[PDB]
Structures are given as structure tokens and as C-alpha cells.
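Novice: Please work out how this folds:
(chains A and B, ligands or ions: 2)
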Protein chains: 2
Amino acid sequence: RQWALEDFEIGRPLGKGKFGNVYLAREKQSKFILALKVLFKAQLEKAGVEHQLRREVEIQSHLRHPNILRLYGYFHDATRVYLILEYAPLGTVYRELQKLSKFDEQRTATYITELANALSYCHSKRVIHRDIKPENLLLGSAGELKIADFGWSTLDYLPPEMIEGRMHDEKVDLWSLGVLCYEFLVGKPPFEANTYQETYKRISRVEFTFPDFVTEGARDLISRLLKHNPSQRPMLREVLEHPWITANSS
Amino acid sequence: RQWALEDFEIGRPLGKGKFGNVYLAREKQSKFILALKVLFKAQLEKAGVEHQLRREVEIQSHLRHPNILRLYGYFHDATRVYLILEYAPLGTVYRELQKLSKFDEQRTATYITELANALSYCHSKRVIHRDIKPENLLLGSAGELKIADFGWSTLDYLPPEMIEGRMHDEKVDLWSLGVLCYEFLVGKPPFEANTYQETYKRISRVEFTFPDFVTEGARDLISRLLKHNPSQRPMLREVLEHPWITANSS
Ligand SMILES: O=C(Nc1ccc(Nc2nc(Nc3ccc(O)cc3)ncc2F)cc1)c1ccccc1Cl
Ligand SMILES: O=C(Nc1ccc(Nc2nc(Nc3ccc(O)cc3)ncc2F)cc1)c1ccccc1Cl
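Specialist: Residues are numbered from 1 along each chain as shown, chains lettered A, B, ... in the order given. Ligands and ions are numbered 1, 2, ... in the order given. For reference, the structure is listed below:
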């Protein structure tokens, strides 16, 4: 059963992205609440990322996990593309982190567990993510983490393989986890800088430090994840078993 | 200065491809004879290769070499894409090879030289080719070889890196040269078979033999090119210097 814009009542804007906004919406016939992401073809085409989107939509449609935002379907009209998405009521992790400044060890451990599980499910279907940013980590009604950026296959979140033009792997997800884990605990990502040129150098040299309040256990996990060599990074299985994770996660 | 279909008089079909035909055409205002390749958007989009084409057109527009078919420009209407191409009057090498059965050493050496030069120019601009088939090797008015398949970055022409799902390189062009050189001399490519499954195995094992009429010099060149390890293949510079090439090429 195909869709069109007239099938939905559009509510307030949830976010204004670069390629278009995502709105709250309600399917008229069923009253099913959801999110509607509205993209403009001409913009996608001029940026040269329309095919990159079609692939990402193809992958997402296959993925069912409580910590991955569902793609229900999609459609288009003369000038726009529309993605019909699950609605995450509690907003972005980014906003949560701004309000709180930083997260305690149990909230962080819990989120990393949820991410590791989601990525573990993705890994078993041979799917990776370019980038996992807090702006695309959403919260379900019970506060459950939901990955909103779509799967593949500002530099802050990119691993050295990618930025240096090296050969990337399933292991980019492990770096992502280390970046997020740090950002959750200290309130900004470990390679933050005022320029791209400097953020690049820092990612490439793996040059970061920990504030004094970051405990030994978290240091150990974060350091194991943020290895320059992707092969030196652990498997997702091992992150879920790290004593700092098991001691603190739900 | 943009184009449209009304700018051209369309002549007979030069070839009927999968995604559309290429026609002889004459620009009305200038009387400039050329080839017009006509593609259907909906077909490209359904096959999922529209972006692959846009990239290939972007690369080709940059390439100027007497042995690379010129792309003059392009345009589109509601349903079609149009590529404005240089006209190669003497047709495909494939047809030439069918008429002749096989080529002598001097015609072959000459063609490989022309290909090596074209690829050498492409290599210096960091461009490769997925596949170089005789069906996409065209002939200019003086019989000069022109590469018609566009640049990147039936299995007969694909190297083992690609078919095995390995990491490919600039070195795929060297394999291509070895396949063509053989096909030119014997009149069919070295891994030909009645099935894809068998052609695959043969490419992967590098399993071919030479008819008795293929001379030592040609055996030596072809064998150096068709190495399983891409790193073991020579540089284009060395192909142009091979004694069998220099002894026989124009
Ligand atoms: O990425 C951002 N926002 C954002 C917003 C919506 C989406 N997509 C969806 N979001 C929502 N829920 C949501 C609820 C309340 C909010 O305030 C925000 C979101 N559900 C489904 C989505 F696809 C993705 C991302 C963002 C980026 C920079 C700064 C602040 C923010 Cl909130
Ligand atoms: O690929 C084939 N043909 C083909 C035809 C045209 C193009 N494109 C252009 N060709 C031509 N010239 C040409 C002249 C006479 C001919 O009989 C054929 C071509 N110039 C420009 C092209 F873009 C590319 C390829 C082919 C494929 C299988 C069997 C036989 C053939 Cl002739």
C-alpha cells in the first residue's frame, strides 16, 4: 500500500536539518503517530547524495531493533522525498547532554550497552555506520536510546581510517563507541577543537586527555576503543563484558 | 551554452545498448557530426546506476586524449539523459575482430600501445577503468583506437580482485591489457567459457592456455599482465618498453 502527503496530518517541526526538516505527523486513517522527514530532490541531487540516501533507506528498511529507529516506509512527489519514521518522544541525546552538562557512569554505561547491542545486531547483518553523533541519537518513551543516522555498506565523530583516506571496516563502530562514551562522561567529544584542521590532526594522532573525574574503569574502556589501529580495537562482544560496563549498566 | 534535443538532427542507430541507443547526429547550427547516446532516466534509476553515470560523466568531461572518446557535454529532458560524444567513424574493435577472426602482432602491438598510452594518461589523473571490452573500443577515421567505456574512481574482462570481492587498484588496467592482448591475437579472451560459474573459477585460478601460433614474446607480455597478484603486474611504463611491443608496434 503506497503513501502520499495527503495521508498524513503534519504537526510541529521536530528538527530542521540541512536537506530538510522532520515533522511530527499522524497517519489520518489509523491515527498512528510518527515522524515524517521531508527532503528536497533537487538539493539531494545537487549535493550528489540521492543514491547514498536510496541505499541507506534500503538498508534501514531491513533493520528491526528496539534501539534502532524504525523506517516504516517512504514515498515522493514532484519535488520531495518523504521518509516515514518511528517517533522518538523524548528528543535527542545531544539536548539531554546540554541540559545535564555530562552524564553519570550508570546512564553512560547503559547507553553504550544499548548502542553496543544495536551495533552488534547490525554487525551480524554486515551493516556499519559512518558516524554516530548525539544529534542523531534519539530517546524512546521509556528513555531507551534509538540510533537515527542510517547505516552504510564536522570531523569529531569520524575515525582516523576515514579521515586519513585509509581502508575502513566494521571497526569504525568501535571508535564511535569510544567517542560517545567519552562525550557522555565529560560533556564534549575528546578531539574537539576550534578548527577542522586541528580536530583532524588530533583524531589522526589520537591526541586527547581525560578530566580528573573520569574513573580508571572508564579510562580503560575508552582507551581500548580509541586505538589508531582498527584491528587493536575490541569486538562488540568484549565491550558488553567490560567490568566497568557490567558494574554500571542496567 | 546548454543543449536540447531540437539542436540535433538524429541519424541512424550506431548501437542498441541495454540502457538506450547511440545515434549518429549532427548539431544543426554548426553542422558538427557527433554521436548522441540516449538513456532513459527511469531505467537508470530502477537499475540504481544513475549516480554511477553522473560520476562517470564528471570524470570523462575532464579527459582529453586522442585515444579516449571525447565527451563534449550532456543534457536531459523529462524522461531521458543525453550524452554528446565524439563520432568514431570506423566502428567497434569487436566487429573488426569478428571480420578478421584474429589480429597479427603489429596491429595488436599497436593497439596495446595506444591503450597503454591512454591508460597512462588516465593513471596520471588517478582514473581507472572497471572493464575494457572490445565492444567499447572504437575506431577513429585513421583507425586510431578510442576507449569508449567511461572511467571509475559477462565476467570475461574483470580481474580476480574484483570478482573475488578483493580490494581493487590502478592495477586492474594492467589485467585488462593482458586480456585484450590475448583476445586480439587468438580471437577470443583467455577465460572464455559457456557458463559464468566456470568463467569465474578460470579468472580466479588464472587458468588459460595459448594456442601454438602465439609467439614467445607475446606469451611473455600476456603472462606478466595476467598475474593473480596485482602488485606482481608491471607498470604501464614497462608495457610500452616490452621488446615484443617495441619490435612490433607503430
Ligand atoms: O539533530 C537534531 N535534532 C533532530 C530532530 C529530529 C530528528 N528526527 C526525529 N526526531 C524525533 N523526536 C524528537 C522529539 C523532540 C525533539 O526535540 C527532537 C526530536 N523522532 C523522530 C525523528 F526522526 C533528528 C534530529 C539536533 C541537532 C543539533 C542541535 C539540536 C538538535 Cl535537537
Ligand atoms: O557495443 C557495440 N556497439 C557500439 C556502438 C556504438 C557505441 N558508441 C559509439 N559508436 C560510434 N561509432 C560507430 C560507428 C559504426 C558502428 O557500426 C558502430 C559504432 N561513435 C560513437 C559512439 F559513442 C558503442 C558501442 C556492439 C556490441 C556488441 C556487438 C557489436 C557491437 Cl558494434
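Novice: drop to CA atoms for contacts and neighbour counts, all remaining ones
Specialist: Noted.
Novice: Which residues are in contact with the residue nearest the centre of chain A?
Specialist: Centroid check for chain A by Cα atoms, centre = their mean gives residue A:132 as the closest residue, at 3.4 Å. Counting by Cα atoms under 8 Å, 6 or more residues apart in numbering or on different chains, residue A:132 touches A:147, A:149, A:157, A:176, A:180.
Novice: Kindly indicate which of the residues you listed lies nearest residue A:203.
Specialist: Nearest to residue A:203 among those: residue A:157, at 9.1 Å, using Cα to Cα.
Novice: Surely that closest one and residue A:133 touch.
Specialist: Yes. Contact criterion Cα atoms under 8 Å: residue A:157 and residue A:133 qualify, at 6.5 Å.
Novice: who has more neighbours, the two?
Specialist: residue A:157 (23 against 19; other Cα atoms under 10 Å in any protein chain shown).
Novice: mind listing which of the contacts of residue A:132 are in helices?
Specialist: Among those, the ones falling in helices (DSSP state H) are A:176, A:180.
Novice: Show me which of the contacts of residue A:132 is closest to residue B:73.
Specialist: Proximity of these to residue B:73 (Cα to Cα) peaks at residue A:149, which lies at 36.5 Å.
Novice: okay, the contacts of residue A:132 in CSV with distance to residue B:243 next?
Specialist: What follows is the contacts of residue A:132, written out as CSV (distance: Cα to Cα, whole Å):
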residue, distance to residue B:243
A:147, 60
A:149, 56
A:157, 53
A:176, 54
A:180, 59
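Novice: Pick the one among the contacts of residue A:132 closest to chain B.
Specialist: Checking these against chain B by Cα to the nearest Cα gives residue A:149 as the nearest, at 21.5 Å.
Novice: any idea how far that closest one lies from residue B:25?
Specialist: When distance is defined by Cα to Cα, to the nearest Å, residue A:149 is 47 Å away from residue B:25.
Novice: Tell me where the longest helix sits in chain A.
Specialist: Secondary structure of chain A per DSSP H: the longest helix is helix A:105-124.
Novice: is it true that residue A:245 touches residue A:114?
Specialist: No. The pair residue A:245 and residue A:114 does not pass the contact test of Cα under 8 Å, sitting 11.1 Å apart.
Novice: Now do the contacts for the spatially most distant residue from the centre of chain A.
Specialist: Relative to the centre of chain A, the most outlying C-alpha is that of residue A:29, 31.5 Å out, by Cα atoms, centre = their mean. For residue A:29, the contacting residues are residue A:7, by Cα under 8 Å, 6+ apart.
Novice: Same question for stretch A:165-176: list its buried residues.
Specialist: Buried residues in stretch A:165-176, counted by 16 or more other Cα atoms under 10 Å in any protein chain shown: A:170, A:171, A:172, A:173, A:174, A:175, A:176.
Novice: Ends of it, what's the gap?
Specialist: Per Cα to Cα, the first residue of stretch A:165-176 is 17 Å away from its last.
Novice: Whether that stretch contacts chain B - can you check?
Specialist: No. Applying Cα under 8 Å from any Cα of the partner chain, one finds stretch A:165-176 separated from chain B by no less than 9.5 Å.
Novice: Can you pull out the residues in contact with that stretch?
Specialist: Outside of stretch A:165-176, the residues within contact range by Cα under 8 Å, 6+ apart are A:119, A:123, A:126-132, A:157-162, A:225-227, A:230-231, A:233-236.
Novice: what about 7 Å?
Specialist: Applying Cα atoms under 7 Å, 6 or more residues apart in numbering or on different chains, the contact partners of stretch A:165-176 are A:128, A:129, A:131, A:132, A:157, A:159, A:161, A:162, A:225, A:226, A:230, A:233.
Novice: Now the first one. Its backbone dihedrals?
Specialist: As for residue A:128, its main-chain torsions (degrees, to the nearest 10) stand at phi -120, psi 180.
Novice: quick revisit: now the contacts of stretch A:165-176 in JSON lines, with secondary structure?
Specialist: Formatted as JSON lines, the contacts of stretch A:165-176 follow (DSSP: H, G, I helix; E, B strand; the rest coil):
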{"residue": "A:128", "secondary structure": "strand"}
{"residue": "A:129", "secondary structure": "coil"}
{"residue": "A:131", "secondary structure": "coil"}
{"residue": "A:132", "secondary structure": "coil"}
{"residue": "A:157", "secondary structure": "coil"}
{"residue": "A:159", "secondary structure": "coil"}
{"residue": "A:161", "secondary structure": "helix"}
{"residue": "A:162", "secondary structure": "helix"}
{"residue": "A:225", "secondary structure": "helix"}
{"residue": "A:226", "secondary structure": "coil"}
{"residue": "A:230", "secondary structure": "helix"}
{"residue": "A:233", "secondary structure": "coil"}
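Novice: can these go into TSV with extra columns for distance to residue A:80?
Specialist: Formatted as TSV, those follow (distance: Cα to Cα, whole Å):
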residue	distance to residue A:80
A:128	27
A:129	25
A:131	25
A:132	26
A:157	29
A:159	33
A:161	34
A:162	31
A:225	40
A:226	39
A:230	39
A:233	41
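Novice: Generate a PyMOL selection restricted to the buried subset of the residues you listed.
Specialist: One line in PyMOL is enough to select the buried ones among those; burial here means 16+ other Cα under 10 Å:
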select buried, chain A and resi 128+129+131+132+157+159+161+225+226+230+233
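Novice: which one of the contacts of stretch A:165-176 is nearest ligand 1?
Specialist: Taking Cα to the nearest ligand atom as the measure, ligand 1 lies nearest residue A:132 of these, at 11.5 Å.
Novice: Let's see the helix or strand where residue A:199 lies as PDB, backbone CA atoms only.
Specialist: Residue A:199 belongs to helix A:196-205 when assigned by DSSP states H and E. Presented in PDB, the C-alpha positions along helix A:196-205 are these (Å, rounded to 0.1, in the frame of the first residue of the first chain):
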ATOM      1  CA  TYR A 196      38.800  21.400  11.400                       C
ATOM      2  CA  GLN A 197      42.500  21.300  10.700                       C
ATOM      3  CA  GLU A 198      43.300  20.900  14.300                       C
ATOM      4  CA  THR A 199      40.400  18.400  15.000                       C
ATOM      5  CA  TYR A 200      41.900  16.300  12.100                       C
ATOM      6  CA  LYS A 201      45.500  16.300  13.500                       C
ATOM      7  CA  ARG A 202      44.100  15.300  16.900                       C
ATOM      8  CA  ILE A 203      42.000  12.400  15.600                       C
ATOM      9  CA  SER A 204      44.900  11.300  13.500                       C
ATOM     10  CA  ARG A 205      47.400  11.400  16.400                       C
END
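Novice: Report the buried residues of it.
Specialist: A:199, A:200, A:202, A:203, A:204.
Novice: Please apply the same query to stretch A:146-153.
Specialist: A:146, A:147, A:148, A:149, A:150, A:151, A:152.
Novice: And the fifth one, how far from ligand 1?
Specialist: As judged by Cα to the nearest ligand atom, to the nearest Å, residue A:150 and ligand 1 stand 11 Å apart.
Novice: show me the residues around that residue that make contact.
Specialist: Contacts for residue A:150 (Cα under 7 Å, 6+ apart) come out as A:56, A:60, A:129.
Novice: Same list (the residues you listed) but as a markdown table, adding distance to ligand 2.
Specialist: Below are the contacts of residue A:150 laid out as a markdown table (distance: Cα to the nearest ligand atom, whole Å):
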| residue | distance to ligand 2 |
| --- | --- |
| A:56 | 33 |
| A:60 | 38 |
| A:129 | 39 |
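Novice: Chain B next: which of the residues you listed are close?
Specialist: Among the contacts of residue A:150, no residue is within reach of chain B (Cα under 7 Å from any Cα of the partner chain).
Novice: where along chain A do the strands fall?
Specialist: Remark: strands assigned in chain A by DSSP state E are A:8-16, A:21-27, A:33-40, A:71-76, A:80-85, A:137-139, A:145-147.
Novice: contacts for the longest one?
Specialist: Under the criterion Cα under 7 Å, 6+ apart, residues A:21, A:22, A:23, A:24, A:25, A:26, A:27, A:28 lie in contact with strand A:8-16.
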